[PDB]
Structure formats: C-alpha cells, structure tokens
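Listing of final.pdb, PDB, C-alpha atoms
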MODEL        1
ATOM      1  CA  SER Y 438     -31.849  -3.789 -13.024  1.00  0.00           C
ATOM      2  CA  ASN Y 439     -30.500  -7.028 -11.511  1.00  0.00           C
ATOM      3  CA  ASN Y 440     -33.086  -8.967 -13.534  1.00  0.00           C
ATOM      4  CA  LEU Y 441     -31.553  -7.478 -16.711  1.00  0.00           C
ATOM      5  CA  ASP Y 442     -28.039  -6.031 -16.495  1.00  0.00           C
ATOM      6  CA  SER Y 443     -26.678  -9.001 -14.533  1.00  0.00           C
ATOM      7  CA  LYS Y 444     -25.078 -11.393 -17.032  1.00  0.00           C
ATOM      8  CA  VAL Y 445     -23.854 -14.855 -15.998  1.00  0.00           C
ATOM      9  CA  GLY Y 446     -20.768 -14.260 -13.850  1.00  0.00           C
ATOM     10  CA  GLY Y 447     -20.105 -10.635 -14.744  1.00  0.00           C
ATOM     11  CA  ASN Y 448     -20.839  -7.625 -16.967  1.00  0.00           C
ATOM     12  CA  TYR Y 449     -17.734  -5.973 -18.423  1.00  0.00           C
ATOM     13  CA  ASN Y 450     -19.602  -3.144 -20.190  1.00  0.00           C
ATOM     14  CA  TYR Y 451     -19.506  -1.225 -16.867  1.00  0.00           C
ATOM     15  CA  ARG Y 452     -16.071  -0.383 -15.448  1.00  0.00           C
ATOM     16  CA  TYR Y 453     -14.881   1.885 -12.654  1.00  0.00           C
ATOM     17  CA  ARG Y 454     -11.758   3.568 -11.300  1.00  0.00           C
ATOM     18  CA  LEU Y 455     -10.803   1.686  -8.138  1.00  0.00           C
ATOM     19  CA  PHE Y 456      -7.709   3.702  -7.157  1.00  0.00           C
ATOM     20  CA  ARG Y 457      -6.501   7.216  -7.930  1.00  0.00           C
ATOM     21  CA  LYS Y 458      -3.525   9.291  -6.805  1.00  0.00           C
ATOM     22  CA  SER Y 459      -5.703  12.354  -6.098  1.00  0.00           C
ATOM     23  CA  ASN Y 460      -9.388  13.299  -5.936  1.00  0.00           C
ATOM     24  CA  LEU Y 461     -11.290  13.867  -9.175  1.00  0.00           C
ATOM     25  CA  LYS Y 462     -13.162  17.143  -9.537  1.00  0.00           C
ATOM     26  CA  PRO Y 463     -16.949  17.129 -10.038  1.00  0.00           C
ATOM     27  CA  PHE Y 464     -18.315  17.012 -13.582  1.00  0.00           C
ATOM     28  CA  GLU Y 465     -15.025  15.748 -15.010  1.00  0.00           C
ATOM     29  CA  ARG Y 466     -14.329  12.540 -16.943  1.00  0.00           C
ATOM     30  CA  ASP Y 467     -10.784  11.193 -16.547  1.00  0.00           C
ATOM     31  CA  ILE Y 468     -10.036   8.054 -18.573  1.00  0.00           C
ATOM     32  CA  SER Y 469      -6.377   7.928 -17.495  1.00  0.00           C
ATOM     33  CA  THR Y 470      -5.405   4.328 -16.687  1.00  0.00           C
ATOM     34  CA  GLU Y 471      -2.094   5.361 -15.095  1.00  0.00           C
ATOM     35  CA  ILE Y 472      -0.967   2.849 -12.481  1.00  0.00           C
ATOM     36  CA  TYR Y 473      -1.747   3.909  -8.918  1.00  0.00           C
ATOM     37  CA  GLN Y 474       1.270   4.049  -6.590  1.00  0.00           C
ATOM     38  CA  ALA Y 475       0.344   3.386  -2.959  1.00  0.00           C
ATOM     39  CA  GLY Y 476       3.849   3.120  -1.491  1.00  0.00           C
ATOM     40  CA  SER Y 477       7.353   4.375  -2.194  1.00  0.00           C
ATOM     41  CA  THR Y 478       8.207   1.588  -4.659  1.00  0.00           C
ATOM     42  CA  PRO Y 479       8.356   3.046  -8.193  1.00  0.00           C
ATOM     43  CA  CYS Y 480       5.646   1.537 -10.372  1.00  0.00           C
ATOM     44  CA  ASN Y 481       7.307   2.398 -13.715  1.00  0.00           C
ATOM     45  CA  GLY Y 482       3.871   2.327 -15.341  1.00  0.00           C
ATOM     46  CA  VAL Y 483       3.286  -1.346 -14.468  1.00  0.00           C
ATOM     47  CA  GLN Y 484       1.816  -3.398 -11.646  1.00  0.00           C
ATOM     48  CA  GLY Y 485       3.953  -4.399  -8.689  1.00  0.00           C
TER      49      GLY Y 485
ATOM     50  CA  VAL K 341      16.225  -3.253  16.928  1.00  0.00           C
ATOM     51  CA  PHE K 342      17.006  -5.237  13.773  1.00  0.00           C
ATOM     52  CA  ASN K 343      20.725  -4.424  14.155  1.00  0.00           C
ATOM     53  CA  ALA K 344      20.850  -5.696  17.750  1.00  0.00           C
ATOM     54  CA  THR K 345      23.320  -8.460  18.555  1.00  0.00           C
ATOM     55  CA  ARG K 346      21.025 -11.173  19.951  1.00  0.00           C
ATOM     56  CA  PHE K 347      17.343 -12.026  19.506  1.00  0.00           C
ATOM     57  CA  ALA K 348      14.889 -14.270  21.314  1.00  0.00           C
ATOM     58  CA  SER K 349      14.123 -17.713  19.923  1.00  0.00           C
ATOM     59  CA  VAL K 350      11.222 -18.139  17.511  1.00  0.00           C
ATOM     60  CA  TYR K 351       9.004 -20.249  19.783  1.00  0.00           C
ATOM     61  CA  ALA K 352       9.997 -17.711  22.464  1.00  0.00           C
ATOM     62  CA  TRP K 353       9.628 -14.809  20.035  1.00  0.00           C
ATOM     63  CA  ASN K 354       9.733 -11.580  22.013  1.00  0.00           C
ATOM     64  CA  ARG K 355       7.373  -8.633  21.574  1.00  0.00           C
ATOM     65  CA  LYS K 356       8.726  -5.311  22.853  1.00  0.00           C
ATOM     66  CA  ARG K 357       6.059  -2.689  23.583  1.00  0.00           C
ATOM     67  CA  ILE K 358       7.339   0.768  22.605  1.00  0.00           C
ATOM     68  CA  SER K 359       5.363   3.994  22.930  1.00  0.00           C
ATOM     69  CA  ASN K 360       5.649   7.759  23.407  1.00  0.00           C
ATOM     70  CA  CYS K 361       8.561   8.795  21.206  1.00  0.00           C
ATOM     71  CA  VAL K 362       9.377   9.996  17.686  1.00  0.00           C
ATOM     72  CA  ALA K 363      10.796   7.807  14.914  1.00  0.00           C
ATOM     73  CA  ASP K 364      11.718   8.341  11.256  1.00  0.00           C
ATOM     74  CA  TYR K 365      11.039   5.343   9.005  1.00  0.00           C
ATOM     75  CA  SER K 366      11.958   7.162   5.777  1.00  0.00           C
ATOM     76  CA  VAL K 367      15.654   7.188   6.710  1.00  0.00           C
ATOM     77  CA  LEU K 368      15.538   3.550   7.828  1.00  0.00           C
ATOM     78  CA  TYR K 369      13.913   2.769   4.472  1.00  0.00           C
ATOM     79  CA  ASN K 370      16.617   4.694   2.589  1.00  0.00           C
ATOM     80  CA  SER K 371      19.393   3.508   4.930  1.00  0.00           C
ATOM     81  CA  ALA K 372      19.819   0.344   2.810  1.00  0.00           C
ATOM     82  CA  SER K 373      20.579  -1.534   6.044  1.00  0.00           C
ATOM     83  CA  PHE K 374      17.898  -4.179   5.363  1.00  0.00           C
ATOM     84  CA  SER K 375      17.693  -7.150   3.015  1.00  0.00           C
ATOM     85  CA  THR K 376      13.884  -7.114   2.696  1.00  0.00           C
ATOM     86  CA  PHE K 377      11.338  -4.460   3.673  1.00  0.00           C
ATOM     87  CA  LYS K 378       7.601  -4.718   3.006  1.00  0.00           C
ATOM     88  CA  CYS K 379       4.562  -2.962   4.472  1.00  0.00           C
ATOM     89  CA  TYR K 380       0.911  -4.023   4.528  1.00  0.00           C
ATOM     90  CA  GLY K 381      -1.898  -1.466   4.667  1.00  0.00           C
ATOM     91  CA  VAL K 382       0.314   1.524   5.543  1.00  0.00           C
ATOM     92  CA  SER K 383       3.088   2.898   3.349  1.00  0.00           C
ATOM     93  CA  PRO K 384       6.449   3.761   4.954  1.00  0.00           C
ATOM     94  CA  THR K 385       5.913   7.438   4.101  1.00  0.00           C
ATOM     95  CA  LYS K 386       2.493   7.527   5.799  1.00  0.00           C
ATOM     96  CA  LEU K 387       4.072   6.249   9.027  1.00  0.00           C
ATOM     97  CA  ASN K 388       5.922   9.526   9.593  1.00  0.00           C
TER      98      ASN K 388
ENDMDL
END
I need this file expressed as structure tokens, please.
Amino acid sequence: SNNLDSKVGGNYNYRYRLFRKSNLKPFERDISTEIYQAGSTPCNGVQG
Amino acid sequence: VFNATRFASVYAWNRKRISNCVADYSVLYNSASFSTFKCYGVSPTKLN
C-alpha cells in the first residue's frame, strides 16, 4: 500500500508492541502499555 | 579487579584476558562496592 498508507514522514494510525516481558499467546490482544524492564533497575512504571 | 591497589595508565590501559572459570555478577551488583555500574546489551542477571 506504500502508494496509499504512507503519509509524509509517518503514519501514527498503526502502532506496535516493540518490547514485552514475556511471549504473547496466539489469537490474543494485549493492549497493556506496561513499561518493559530489560535489566535489574526498577522501572517504577516509567522510562529509565 | 576494580578493588586492586594499582592500575595501568590510560594511554597504557591494560586488557587482562580471563577465561575458563565461574563468576557471580549478581553479588558484585548487590555488593554496593561500586560507584557506577551500567551494562549495554546484556543485563547483569543474564550474565550468570
């Protein structure tokens, strides 16, 4: 659809989950935005 | 290593090759013996 969906510098109507603490099961929709914790530093629900 | 008495100079900075042993980085992380500790690409828990 590049001739259509592509808008200027970006299209924000389509978003994705970049990081997750575990693997999501098939046929399941998880909208949780909870901050992903890669290391041992506590995230406290915020970036860091 | 970081608690050793003397170090090499910066321009002379020394690289010690260490291999074939076991090490626990979770205790060194919780030992509170360091001023600053940061990892890139691998968390301190994943090291063990």
Give one line per residue of chain K that approaches chain Y to at most 9 Å, naming the two atoms of the closest pair and their distance in Å to one decimal, counting all atoms listed in the file; sort by chain then ascending residue number and deliver it as JSON lines.
{"residue": "K:379", "atom": "CA", "partner": "Y:476", "partner_atom": "CA", "distance": 8.5}
{"residue": "K:382", "atom": "CA", "partner": "Y:476", "partner_atom": "CA", "distance": 8.0}
{"residue": "K:383", "atom": "CA", "partner": "Y:476", "partner_atom": "CA", "distance": 4.9}
{"residue": "K:384", "atom": "CA", "partner": "Y:476", "partner_atom": "CA", "distance": 7.0}
{"residue": "K:385", "atom": "CA", "partner": "Y:477", "partner_atom": "CA", "distance": 7.1}
{"residue": "K:386", "atom": "CA", "partner": "Y:476", "partner_atom": "CA", "distance": 8.6}
Atoms to include: C-alpha atoms. Write the selected residues as a PDB file, keeping the file's coordinate frame.
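So selection.pdb came out as:
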ATOM      1  CA  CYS K 379       4.562  -2.962   4.472  1.00  0.00           C
ATOM      2  CA  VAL K 382       0.314   1.524   5.543  1.00  0.00           C
ATOM      3  CA  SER K 383       3.088   2.898   3.349  1.00  0.00           C
ATOM      4  CA  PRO K 384       6.449   3.761   4.954  1.00  0.00           C
ATOM      5  CA  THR K 385       5.913   7.438   4.101  1.00  0.00           C
ATOM      6  CA  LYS K 386       2.493   7.527   5.799  1.00  0.00           C
TER       7      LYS K 386
END
Using only C-alpha atoms, the best pick from K:388, K:381, K:342, K:351 as closest to residue 365 in chain K would be K:388
Would you list the contacts of range 444-454 of chain Y as a JSON list (two decimals) with C-alpha atoms, in the frame of the given file, taking every protein, DNA or RNA residue within 10 Å and counting only C-alpha atoms, but skipping same-chain residues closer than 4 positions in sequence?
[["chain", "number", "residue", "atom", "x", "y", "z"],
["Y", 439, "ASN", "CA", -30.50, -7.03, -11.51],
["Y", 440, "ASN", "CA", -33.09, -8.97, -13.53],
["Y", 467, "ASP", "CA", -10.78, 11.19, -16.55],
["Y", 468, "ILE", "CA", -10.04, 8.05, -18.57],
["Y", 469, "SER", "CA", -6.38, 7.93, -17.50],
["Y", 470, "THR", "CA", -5.40, 4.33, -16.69]]
- Query: Which one is closest to residue 374 in chain K: K:355, K:350, K:360, K:341? Count only C-alpha atoms.
  - Reply: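 The closest residue to residue 374 in chain K is K:341.
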I'd like the contact shell of residue 343 in chain K - 12 Å cut-off, only C-alpha atoms, skipping same-chain residues fewer than 5 positions apart - returned as a PDB file with C-alpha atoms, keeping the file's coordinate frame.
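After the write, result25.pdb holds the following:
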ATOM      1  CA  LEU K 368      15.538   3.550   7.828  1.00  0.00           C
ATOM      2  CA  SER K 373      20.579  -1.534   6.044  1.00  0.00           C
ATOM      3  CA  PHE K 374      17.898  -4.179   5.363  1.00  0.00           C
ATOM      4  CA  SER K 375      17.693  -7.150   3.015  1.00  0.00           C
TER       5      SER K 375
END
Separation of CA of residue 364 in chain K from CA of residue 482 in chain Y in Å
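CA of residue 364 in chain K lies at a distance of 28.4 Å from CA of residue 482 in chain Y.
When CA of residue 348 in chain K is paired with CA of residue 370 in chain K, their separation reads 26.7 Å.
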From CA of residue 458 in chain Y to CA of residue 372 in chain K the spacing works out at 26.8 Å
For residue 483 in chain Y: contacts at 9 Å, only C-alpha atoms, fewer than 3 positions along chain excluded, given as a PyMOL selection string
chain Y and resi 471-472+480
